[PDB]
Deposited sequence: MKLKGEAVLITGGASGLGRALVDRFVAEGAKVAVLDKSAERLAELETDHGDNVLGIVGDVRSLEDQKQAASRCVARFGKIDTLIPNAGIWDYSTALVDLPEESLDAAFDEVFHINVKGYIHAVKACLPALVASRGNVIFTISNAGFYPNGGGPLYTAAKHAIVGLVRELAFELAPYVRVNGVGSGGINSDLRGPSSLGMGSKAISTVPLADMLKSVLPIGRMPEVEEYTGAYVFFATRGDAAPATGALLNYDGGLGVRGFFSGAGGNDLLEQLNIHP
């Protein structure tokens, strides 16, 4: 239990990676406040964890919902140690040529309001509390914040924008708050596309050096690491690629050592 007594606020924690994070942080001894728009999924979370979790129904695009989540977390758990802005929506890799002219403006706002402005509002709302606890922020980025072909122009630009948030907020909030970003890979979640615009495992296993798409729980360890003051004190402004090795894949094969057992005579 590395995070006993710590309080953590997670946006988009009712499903997918966010939900795995709530489960992992509770197992590490933390209390977790979650801001999510789905009342039903938040109810499930409260059923499973009881008073180890606090559900706040609200939209990340709303600074007022964000401030309500922060004040309720402070009221219930006394502080906010770690903030994990994670809620997001994908653009279903719609290429530029396939983005319809009539909804490009609306899709731009949907994607950027959720994925980028929602991240800024979480930090703005929790700032006073994070400074008081000398806490930290861990942004969920994705391989889309580093390499192409993880989404179309909208999602790729929005996730690259979060790299800029990591660097600029690591500078601005130092020396009180540490700010780091996790470049997580593909997950079998319920990630939705933009309303404005109306397999993963098998496709990707040939391009990932690790040779398999990780389960959603295998992506929680990096967040625990960055949230641990005793292990991550020198980490601020860090960007951890954590997607199975997409950035080091080969030209013609994902992995270059599929034949290592045979080459070294291991059995």
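Coordinate coverage of the deposited sequence is interrupted at 199-207, 277, where no C-alpha atom was modelled.
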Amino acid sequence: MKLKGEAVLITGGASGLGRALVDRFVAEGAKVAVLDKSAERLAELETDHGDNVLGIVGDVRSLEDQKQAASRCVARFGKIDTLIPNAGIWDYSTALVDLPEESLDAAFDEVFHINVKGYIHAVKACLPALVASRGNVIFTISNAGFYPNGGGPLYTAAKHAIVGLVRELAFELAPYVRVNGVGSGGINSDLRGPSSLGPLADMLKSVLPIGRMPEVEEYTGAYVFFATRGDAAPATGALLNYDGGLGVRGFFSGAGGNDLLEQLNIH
From here on, numbers count along this sequence of modelled residues.
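In this entry, 67-75 has the higher mean Cα B-factor, the comparison being between 163-171 and 67-75. Look at the mean CA B-factor for 186-194 and for 172-180 in the entry; the higher one is 186-194. Highest CA B-factor among the listed residues (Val26, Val57, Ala227, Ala201): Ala201. Listed residues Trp90, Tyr119, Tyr147, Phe112 were ranked by CA B-factor as deposited; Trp90 comes out on top. Per the deposited record, the Cα B-factor of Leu240 falls in the middle third when ranked against the other modelled residues of its chain.
In the deposited entry, the Cα temperature factor of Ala33 sits in the bottom third of values across the chain's modelled residues. Residue-level temperature factors show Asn136 in the lowest third of its chain, judged at the C-alpha atom.
Placement of the Cα temperature factor of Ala222 within the chain: lowest third of the modelled residues, per the deposited record.
For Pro153, the recorded CA B-factor ranks within the lowest third of the chain. Only modelled residues enter the ranking.
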